[PDB]
Structures are given as C-alpha cells and as structure tokens.
Amino acid sequence: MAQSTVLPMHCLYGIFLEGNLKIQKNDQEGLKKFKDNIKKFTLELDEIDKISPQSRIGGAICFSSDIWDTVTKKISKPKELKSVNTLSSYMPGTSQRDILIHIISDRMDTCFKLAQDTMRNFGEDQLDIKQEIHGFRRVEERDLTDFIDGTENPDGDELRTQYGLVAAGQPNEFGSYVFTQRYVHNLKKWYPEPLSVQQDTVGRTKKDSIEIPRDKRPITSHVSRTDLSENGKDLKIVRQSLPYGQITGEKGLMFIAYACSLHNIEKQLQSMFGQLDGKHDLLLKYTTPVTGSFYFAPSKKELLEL
Amino acid sequence: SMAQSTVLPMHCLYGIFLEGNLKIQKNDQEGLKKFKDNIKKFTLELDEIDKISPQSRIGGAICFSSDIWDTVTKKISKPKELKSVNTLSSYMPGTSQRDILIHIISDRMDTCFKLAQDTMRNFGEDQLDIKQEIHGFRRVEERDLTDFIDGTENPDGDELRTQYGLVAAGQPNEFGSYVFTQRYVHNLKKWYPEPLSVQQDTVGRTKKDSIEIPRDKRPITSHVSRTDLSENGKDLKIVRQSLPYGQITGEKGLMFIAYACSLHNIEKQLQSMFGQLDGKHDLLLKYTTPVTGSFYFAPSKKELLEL
Ligand code: HEM
Ligand code: HEM
Ligand code: NA
Ligand code: NA
Ligand code: NA
C-alpha cells in the first residue's frame, strides 16, 4: 500500500533527484500531463521489478508543503508537513524544494534507467532539478567515517511500518514524512583522531558497532543525540542514507529518513543542532549539511488520486 | 607471463578512472622508493579483493606516459611507440596528456570504490596530483548514452584479446598494453530529436539490435566506417573498456578507453575519425566532444613490479 522505498532494506544504490515544479497552479492541462508522468513512474517500477527481480527496485515521488495545493485539490495536506526552511535559524544548509524522486536498487543500471526514463518523461518543461546525487553502499555498509551506518535502523516490515508509515486509519495512512540532507565530510580532520575520540563521537565501537553504554559516552555523542524518547515512547525513524562523492573531491553522506511523524525527525534535528540544550552533536565537528528538505511521500493510492 | 588485469576480462559493470601527474622529482630516490611501495600495495590489494569478493571480478592497472617513463624507471626500456597525445593537438581537440592512469574495474561499485579509495590514500596528495576522477557505470543492454549498444565488435575471448590487446610474447615489454583515454561530453539535446535514419547513418549499425548497416548503404563517415580499419590485409582491432558516466540532469557522456598491442592501431583510428586520413570527420563528432585525452603504457605485471 506504501510506495516502495520505506520498507525494503540494504539497497546498494540510490539516486536522489530534488527540484521545483514549473507547472503553475491553474494550468490544468500541464497538471494532467504531470499526473500522467506520475502514473508512468509507478508502471515502470512494476515493469523493472518483473524483468529484474534481482534489482529489488524501489521508488517514491514526494511533495513539499509549499507545492501540495498546486498538485492536488482532493487529498488533504498532511498535518505535520512544513518547509524545512523554518529551521534555518539554527540548522545550516536548508534548501526546501518542491519535489523529491528517490529510487533504490541493488544494480546501478536499473537505478539509472528508471531515474533517466522518469526525468525524460517529466522533462525540463515540468521539473527544474536542483540536486542529483548518485549514492552507493560501501563495503560493510560503512559511512565514509568508516563506522557502520544502520545498526539500530528498525528491522522488518512490522517495525518499519510502525515507525516509517502513517498509521492505518489516520489521514494519509501509509504515506511517510521524508527528510533529505546532503552532508559534506571533512575527512582530513576525522582520520587523525584517535579511535577513542572517534568512538566517543559516534557512541558505538568502530569495528563491530557495539553500543557504548550511555553513562560512558558523552551526551553529545551522535547516538546520545538521536536515541530519543517522549512519554516513554521511542522516536524511531527509518533511514535510507548512502555515501556519495569523489575520492579526490567532495564526498559525504546523502542522508534520508522516512517517518510516521515528522516530529520524530525534527526532535532529533533540534537535539543535534543545539536547540534543546545548547550543545551540538560531536559529529558536526567533522561534517557539514549543505542541502535540506522536508517532503511527504503519499501512499500508492493517494499518489495516483492526486 | 601475466598482464595487468583490465585488458582481458569483459563486461565489467563499474569502472573508476584516475588520471593525474606525478609530484615526485627524478632525483628524489626516497620518494620514488615510496611510490614503488604503493604500486606493490595496489597489486597486493587487487589480489586480496579478488580472494574476498570473487563475484566482483575485480581488475586494475597502473599506466605511465612517455614523459614520465624515465622518472619512474632506469631499468625497463621505454615502449618503442609511446609518445604524448598532445602531439595530436593540431587536429584532435581536448588533448590533456597526464603522467599516470589508474583504471579499476568491478562488477560491484563497493569493491571498485574500496580499491580506488585505498589506493589514493596510500599514494596521497604529495605523490599524485589527480586531474580527473570518473565513475563509469554500465547501462541496461550495454548501451552508450546515444542508446546504441556499445561493444558489439569488441574482440571476444582471451586468445583474440591477447592478440589485439597485449604486446606479443618475445617482444620488448611483452604482455604490456598501449592505452588511450578520452572523455567525451555528449550533446543529447541535439541527438535525441534526430530521426532514426540519421542516428543509424551516424553510427553505422541499427539501434535496436546493433546489426551492421551494409557498407554500400552507409556513409563512409559513419562511425563504424571510420574505425573498422585494416592494413596489408590485417585488421587494426583494439580492446575497448569504455563506460558511460555523468548526470542525467547535467554533463554526461562516454569515458572512452582502449587497450592495444600497438599504439598505431589506436592512432590510425584517431587519424580516421578526426580528418587526417581523407579530410573527412566521423559523423558522431557532430553530437559529442572529446574534452580530455592521454596516451599511456600499462606494463606487464612483472615489469610493473620491477620498475
Ligand atoms: C553526517 C551525517 C551522519 C552520519 C555520518 C551518521 C552516522 C551514524 C552512525 C555511524 C550511526 C550508528 C549506527 C546506527 O545505529 O545506524 C548512526 C545512528 C543514528 N543516526 Fe546518524 N548519521 C548522520 C546524520 C544523522 C541525522 C541527520 C539523523 C537524524 C535526522 C540521524 C539519525 C540517526 C539515528 C536515529 C540513529 C540511531 C540511534 C539509535 O537509536 O541508536 N543521523 N548515525
Ligand atoms: C563518443 C564516443 C564514442 C561512442 C559513443 C562510440 C560508440 C560506438 C558504437 C555504438 C559502436 C558500435 C558497436 C560496437 O561494435 O562496439 C562503436 C564501435 C567502435 N568504436 Fe566507437 N564510440 C566512440 C568513440 C570511439 C573512439 C574514440 C574509438 C577509437 C579510438 C572507437 C573505436 C571503435 C571501434 C574500433 C569500434 C568497432 C568497429 C568495428 O570493427 O566494427 N570509438 N563505437
Ligand atoms: Na549495473
Ligand atoms: Na554492486
Ligand atoms: Na564521474
């Protein structure tokens, strides 16, 4: 019932296309063509899945709060959706765009085919793409800090539905709130740090990703900043982030999270960027966010009913 | 009796291309010793990745220009045909001769990137000044971004790829290879609207199945007519390992690379494509532009370790 980037795990490739919609609010012919291109996307996902099951292909189209009432008069706007630019007073790099296309695959050739076919369908007359990122998994699923990324991601369809998708029975059920944020790593500053400093920074051991006990790591360790609870309930999220970039140039982490509630993501951002106790995440000494956007990925049904 | 491991294998899904200049000076014997230690580490890490990830079909080569040859070795004789590609600048655009090429191929990006990253960390910025890093990837049906299949007439199998790709046994520098790299930027806004008949006239094969257009029905300036060359009844075949690269919404094209037993096999095709043989240019050059270019020699594994 959901679009197909939230529940599956361990993709090897991801393509991220973020940009703005060029169709105006009352161009009904252009908006009909735009929705025909959305339909073609969902059909091509199915066709690639049938021909290349080994790809474990997945894809989602997601919309910002600012563009919501341009693309639909029928579906109610998700209750928590807002522009990420409202965080610009404390979080650098915000760059809210209208549209996200996120495609995942275990093969680059099918990842790229769907991304390219989709962009050719929409065309430069409908989409103004501001960012295109080719993410790829590294050996042992390590981020470029060379720590394993993903250890405490929720596992399995049951938990990833609970934390990644709007609950059944609620408005916009089986959609997801989405946050994207491109980080540029400063590995020249990170590599010389002793293992003890690197593990204090993250909050887990480097070789095996064993959690360091809460009382033995700083409260500004990354795990202490992001493992948060409210009213005895964990504010978990579903991350699909991947490394990207050039060995001899700019590189980092293309962060993306899917969540049942935007609050689960935003409270972690308040924590990491010093807005809850005046202290920043230790990881931010070594990496910098340079883009940012909030979106909502509708359910498959609402995507086709816009 | 072993070549470096990027010439003979076929159908890689990923390739990383690192091209740049050597910062070690001819007299710096301690620096050259460390440079050669890092070369040995590259050959050892290739073996280790092959052991741990046989599914990657990993391959790698380090290749040297004629300008840098006598800096890196006093012992191995310079390959007799090697020269700088900048000597072609009077007729071929985009020449940019560099000292060193590192070419890594894999069926998985994670092991491709691991070897490339580890290798660049070993050499470091104080030894290598990298001018270009390209992440190539195979597309569905092995099509170039023109959406024609690329590779139909590449030689198949170890025997023919040894014949056309490697210096012959018994010759100086046996089992090394002459190498040519050239990055192309495609003008797909210009190419996409062209009628199918124009596209097939340009390449010289059919788009759907890569069936050769009969010679009598295709232009002498078609790409296949320009590159299918012979001399004294012998075909001047080469071993291509080119891959697409780039951004859907930005700059994209083909990262061209060829390996050959003789630089002449490559250079005569360049003379053909760029108008030096008969004044006529390859039709493909109306839709794509070369923006880098370099000639190198990839030594045999033995000569690589004995520089
Ligand atoms: C440079 C950017 C980032 C890097 C390199 C990074 C890396 C990591 C690593 C290594 C872990 C530990 C392994 C794991 O459990 O996954 C982790 C955990 C986590 N990260 Fe990040 N992360 C980054 C940014 C973010 C951001 C922006 C958020 C939230 C919006 C986030 C949320 C989390 C969460 C929720 C966990 C799991 C915490 C737990 O319950 O134990 N991370 N991250
Ligand atoms: C934009 C750059 C280029 C593109 C898109 C391109 C594309 C192609 C295509 C589609 C084919 C036909 C299928 C095949 O047999 O592989 C082909 C054949 C070939 N290409 Fe290229 N090519 C390019 C540049 C070059 C260059 C620079 C050379 C030589 C240095 C070269 C040498 C060849 C050769 C030798 C063949 C096979 C000819 C035969 O014996 O039938 N190509 N190329
Ligand atoms: Na692939
Ligand atoms: Na792979
Ligand atoms: Na590239």
Side-chain angles (χ1 to χ4, degrees), chain A residues 12-13 52 54-55 105-113 134 136 244-249, chain B residues 11-18 85 92 94 106-109 132-140 142-155 164 180-188 191 199-200 202-207 209-213 215 222-230 235-240 242-247 250-260 263 265-274 282-291 293 295:
Chain A
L12 299 180
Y13 303 91
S52 184
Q54 63 265 34
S55 291
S105 186
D106 284 7
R107 297 177 61 90
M108 180 62 172
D109 60 1
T110 52
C111 204
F112 188 89
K113 167 171 172 58
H134 298 178
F136 52 92
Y244 76 96
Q246 302 273 102
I247 293 156
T248 63
Chain B
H11 302 300
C12 61
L13 300 178
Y14 304 90
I16 289 174
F17 304 76
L18 293 154
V85 81
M92 186 175 77
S106 188
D107 285 8
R108 300 178 58 93
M109 182 60 173
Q132 156 154 283
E133 171 184 347
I134 301 296
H135 298 175
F137 55 91
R138 194 79 65 175
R139 281 171 76 242
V140 169
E142 294 202 312
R143 294 176 187 272
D144 172 84
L145 281 163
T146 54
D147 288 327
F148 282 68
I149 296 158
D150 184 22
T152 301
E153 292 296 315
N154 234 350
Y164 292 113
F180 173 60
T181 58
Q182 185 170 52
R183 178 162 75 81
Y184 281 83
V185 173
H186 287 8
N187 187 350
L188 296 182
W191 172 254
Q199 297 193 348
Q200 295 186 160
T202 298
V203 175
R205 314 187 68 87
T206 64
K207 195 173 187 177
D209 299 306
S210 193
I211 298 163
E212 181 188 348
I213 305 297
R215 183 184 290 270
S222 71
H223 185 57
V224 166
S225 290
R226 292 283 100 181
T227 58
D228 179 10
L229 303 183
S230 55
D235 288 335
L236 301 186
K237 296 199 179 298
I238 59 178
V239 171
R240 292 169 287 140
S242 320
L243 291 176
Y245 76 93
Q247 304 272 93
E251 182 170 283
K252 58 191 151 298
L254 182 72
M255 181 66 222
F256 183 87
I257 181 164
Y259 291 88
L263 185 62
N265 292 24
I266 296 168
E267 186 178 9
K268 177 100 165 272
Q269 302 189 22
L270 298 177
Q271 293 171 348
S272 182
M273 291 174 62
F274 289 92
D282 197 317
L283 292 174
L284 208 43
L285 294 168
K286 285 135 40 62
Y287 305 100
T288 188
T289 302
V291 301
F295 283 149

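Keep in mind that the numbers below use all heavy atoms, side chains included, and drop hydrogens, waters and symmetry copies. One-based numbering, in listed order, for ligands and for the atoms of each. Numbers restart at 1 for each chain; the letters A, B, ... are given by sequence-line order, proteins then strands.
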Open item on the list: Regarding atom 26 (C) of ligand 2: of the candidates B/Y287, B/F180, B/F256, which has the closest heavy atom?
Closed with: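 Nearest heavy atom to atom 26 (C) of ligand 2 lies in B/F256.
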- [ ] Please work out which of B/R240, B/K237, B/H223 has its closest non-hydrogen atom nearest to atom 21 (Fe) of ligand 2.
- [x]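 Nearest heavy atom to atom 21 (Fe) of ligand 2 lies in B/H223.
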- [ ] Heavy-atom contacts with B/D144 under 4.0 Å: which atoms of ligand 2 show up? List them by number with element.
- [x]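 Counting from 1, the qualifying ligand atoms are 5 (C).
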Open item on the list: I need the atoms of ligand 2 closer than 4.0 Å to a non-hydrogen atom of B/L270, numbered in the order shown.
Closed with: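 The atoms of ligand 2 under 4.0 Å from a heavy atom of B/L270 are 30 (C).
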Task: Heavy atom of B/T146, distance to ligand 2 below 4.0 Å - done: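 B/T146: no contact with ligand 2 (<4.0 Å).
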- [ ] Pick out which of B/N154, B/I257, B/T227 makes a side chain to side chain contact (heavy atoms under 4.5 Å, CB included) with B/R240.
- [x]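 When side chain to side chain contact (heavy atoms under 4.5 Å, CB included) is applied between B/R240 and each of B/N154, B/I257, B/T227, only B/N154 qualifies.
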If you have a sec, work out which protein heavy atom is nearest [atom] and how many Å separate them, to one decimal?
| atom | answer |
| --- | --- |
| atom 3 (C) of ligand 2 | B/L254 CD2, 3.5 Å |
| atom 10 (C) of ligand 2 | B/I149 O, 3.4 Å |
| atom 38 (C) of ligand 2 | B/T227 OG1, 3.4 Å |

- [ ] Output yes when the distance from some N or O of ligand 2 to some N or O of B/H186 is under 3.5 Å, and no in every other case.
- [x]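 No; every N/O pair is 3.5 Å or more apart.
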- [ ] For ligand 2, find out whether one of its N or O atoms is nearer than 3.5 Å to an N or O atom of B/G151.
- [x]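 Between B/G151 and ligand 2 (N or O atoms, distance only) the closest approach is under 3.5 Å.
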Task: Ring centers of A/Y13, B/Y14 separated by less than 6.0 Å - done: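 Ring centres of B/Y14 and A/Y13 closer than 6.0 Å.
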Mode of [X] contact toward ligand 2 - side chain, backbone, both, neither (heavy atoms, under 4.0 Å):
| X | result |
| --- | --- |
| B/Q269 | side chain |
| B/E212 | neither |
| B/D235 | neither |

